[PDB]
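Encoded as structure tokens, the following chain is the form deposited in one PDB entry, with no partner shown.
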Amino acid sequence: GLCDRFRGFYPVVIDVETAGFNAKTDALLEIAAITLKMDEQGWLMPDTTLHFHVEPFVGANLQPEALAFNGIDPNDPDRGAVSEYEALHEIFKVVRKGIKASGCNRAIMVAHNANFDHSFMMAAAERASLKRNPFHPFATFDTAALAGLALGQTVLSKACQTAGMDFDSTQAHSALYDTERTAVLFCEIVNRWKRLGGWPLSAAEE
């Protein structure tokens, strides 16, 4: 089961759009989260997906270079952004639920160059004084590393394509879609490892 595969770690794929590279000073603008589930044969696949647009915390820094990269205007009338507390509380609630339903003991962030997203989410969590944050405070499942191992690629787009996934490099990917692509990649990597007899650790001798 899911709770057996990673010693009780409930892997949650996360991706964020921001207005800079500094989690402490730069605005969190967007976040998406995908929970995973494992079927009866032990194959991993995407489960539940949430995504929010987030309002820049008070006094937050907005890098013009970053807004040019993601194309987000924090002042767009039609973006319907919620507070960091609103978004994270809902994400945390879903993840806790997933944790109990599957019999895990905590969540771990799955992300591409994971530290980035982990730093922003933890910084926003801390700002909104969210308690009962279910995520590991420093451990992550970074797909860039995992893809380097499995596919010999560290760049998201190329790793997906090498894995046989559809990835349009010419297109800008918002949190929602970057998260989904990352989640499929992670699943593929884990599943192929199992497919080839890497897991269970007795499979190669069965």
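Throughout, we count residues from 1 along the sequence that is shown. Note that the rigid core is defined as the largest set of C-alphas that superpose within 1.5 Å between two forms. Only residues modelled in both forms are compared.
- Looking at 105-113 and 69-77 together, the entry lists the larger mean B-factor for 69-77, computed on C-alpha atoms.
- Once the C-alpha B-factors are averaged per stretch, 197-205 and 3-11 rank with 197-205 first.
- Of all the options 30, 26, 180, 40, the entry's greatest CA B-factor is assigned to 40.
- Across the residues 140, 157, 143, 170, the deposited record lists the maximum Cα B factor for 170.
- When all modelled residues of the chain are sorted by CA temperature factor, residue 136 is found within the lowest third.
- Among all modelled residues in its chain, residue 45 ranks in the middle third by Cα B-factor.
- When all modelled residues of the chain are sorted by CA temperature factor, residue 147 is found within the lowest third.
- In the deposited entry, the Cα temperature factor of residue 93 places it in the highest third of its chain's modelled residues.
- In this PDB entry, residue 165 carries a Cα temperature factor that places it within the middle third of its chain's modelled residues.
Just so you know, the form deposited in another entry exists too; it's not on screen, but the next bit is about it.
- No residue of 95, 104, 121, 72 other than 72 has its CA displaced by 2 Å or more between this form and the one not shown when the core is superposed.
- In the core-superposed comparison between this form and the one not shown, the C-alpha atom of residue 172 has shifted by at least 2 angstroms.
- In this overlay on the rigid core, residue 144 has a C-alpha that sits less than 2 Å away from its partner position between this form and the one not shown.
- Taking 2 Å as the criterion, residue 62 counts as shifted between this form and the one not shown: its C-alpha moves by at least this amount when the rigid core is aligned.
- Compared with the form shown here, the Cα atoms of residue 48 and residue 171 move at least 3 Å closer together in the other entry.
- Compared with the form shown here, the Cα atoms of residue 171 and residue 50 sit 3 Å or more closer together in the other entry.
- When the two forms are overlaid on the core, consecutive residue runs of 3+ whose CA positions all differ by 2 Å or more between this form and the one not shown map to 61-73, 75-78, 170-173.
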